[PDB]
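Structure first, then comments.
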Amino acid sequence: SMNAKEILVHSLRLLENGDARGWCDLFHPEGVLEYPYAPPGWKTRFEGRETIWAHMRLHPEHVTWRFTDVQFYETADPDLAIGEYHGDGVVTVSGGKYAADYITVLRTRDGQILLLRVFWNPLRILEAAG
Ligand SMILES: C[C@]12CC[C@H](O)C[C@H]1CC[C@@H]1[C@@H]2C[C@@H](O)[C@]2(C)[C@@H](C3=CC(=O)OC3)CC[C@]12O
């Protein structure tokens with residue numbers, strides 16, 4: 001099955017497709033999603049596939065995303081990936097823009113995600129959403 005880097009690039013393509021169900025299905029049932037720099041007001045951790053789903057569920061209808069090519073650092077374990085990439089987000093009703101630079105840590109096992117730890121600058125969110 002897929003290694004961490006192939007799962008990251010496939011997870012991004014899923015999001016660009018609006019396919020939240022499939023994105024969430026990549027996680028291990030006890031999969032963890034983390035936003036370590038999220039703003040106060042926001043949860044920085046979502047434990048378990050269903051919890052991640054309950055958060056991601058709602059957004060494809062309202063915002064869509066396009067990511068540049070991931071550049072990966074060379075980790076020793078093929079079940080760990082660490083990557084940098086740029087996302088542009090578009091709010092579907094207004095044409096409102098998000099622009100973000102990520103560095104993301106991904107731990108996989110047997111094709112499923114145990115941990116997706118997604119860093120980005122929460123100023124990018126406060127400027128676009130307030
Ligand atoms: C919190 C967030 C903020 C912007 C908008 O309100 C949509 C929400 C939902 C979903 C969330 C964005 C921030 C974004 O930067 C994300 C973290 C971004 C991701 C990057 C990635 O690797 O996985 C998810 C896509 C969409 C995202 O999952």
Side-chain angles (χ1 to χ4, degrees), residues 1 3-12 14-29 31-42 44-49 51-56 59-60 62-68 70 72-73 75-96 98-111 113-122 125-130:
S1 51
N3 62 32
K5 288 190 306 183
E6 283 162 337
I7 284 162
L8 175 71
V9 162
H10 176 62
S11 69
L12 299 175
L14 288 185
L15 298 177
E16 288 172 339
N17 290 343
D19 185 8
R21 192 37 193 159
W23 189 87
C24 296
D25 282 343
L26 283 169
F27 287 78
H28 180 269
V32 175
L33 162 69
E34 296 179 336
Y35 294 161
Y37 291 169
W42 281 36
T44 51
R45 201 177 158 94
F46 302 81
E47 304 191 346
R49 186 156 65 198
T51 293
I52 294 169
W53 166 245
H55 157 66
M56 293 303 314
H59 309 275
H62 298 111
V63 63
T64 57
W65 300 95
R66 287 179 82 248
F67 294 99
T68 59
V70 177
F72 289 96
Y73 294 99
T75 51
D77 177 359
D79 285 334
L80 181 73
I82 310 171
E84 295 200 40
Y85 50 94
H86 176 81
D88 285 308
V90 172
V91 170
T92 299
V93 178
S94 67
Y98 292 102
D101 293 298
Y102 297 95
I103 178 173
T104 287
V105 175
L106 170 59
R107 289 191 187 276
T108 52
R109 183 174 64 227
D110 281 333
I113 302 160
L114 303 183
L115 172 65
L116 181 69
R117 185 163 166 87
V118 197
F119 286 89
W120 75 88
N121 189 347
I125 296 318
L126 286 170
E127 287 157 4

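In what follows, every heavy atom counts, from backbone to side chain, and hydrogens, waters and symmetry copies are set aside. Heads up: numbering here begins at 1 and tracks the sequence. One-based numbering, in listed order, for ligands and for the atoms of each.
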Contacting atoms of ligand 1, where contact means under 4.0 angstrom from a heavy atom of [X]:
X	answer
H59	7 (C), 9 (C)
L12	22 (O)
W42	1 (C), 3 (C)

Against ligand 1, does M56 come closer than 4.0 Å with any heavy atom?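 It does; at least one heavy atom falls under 4.0 Å.
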Checking the N or O distance criterion of under 3.5 Å, is ligand 1 in contact with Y102?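 Such a contact does occur with ligand 1.
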Using a 4.0 Å heavy-atom cut-off, which part of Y85 comes near ligand 1: side chain, backbone, both, or neither?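 Answer for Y85: side chain.
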Under 4.0 Å, heavy-atom basis, I'd like to know which part of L15 is in contact with ligand 1: side chain, backbone, both or neither.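 It is the side chain that touches ligand 1; the backbone stays farther off.
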Could you report the tightest heavy-atom contact between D88 and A99, atom names first, then the distance?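 Answer, listing the atom of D88 first, then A99: OD1-CB, 3.8 Å.
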Heavy-atom pair of closest approach, residues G87 and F67: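 For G87 and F67, the tightest heavy-atom pair comes out as CA-CD2, 3.6 Å.
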Between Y35 and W120, does the ring centroid distance fall short of 6.0 Å?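 Distance test on ring centres: under 6.0 Å, yes.
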Rounded at 0.5 Å granularity, tell me how far CG in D110 sits from NE2 in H28.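 That separation rounds to 9.0 Å.
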Give me the one residue out of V118, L115, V105 that meets side-chain contact (heavy atoms from CB on, under 4.5 Å) with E34.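 Testing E34 for a side-chain contact (heavy atoms from CB on, under 4.5 Å) against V118, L115, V105 leaves exactly one candidate, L115.
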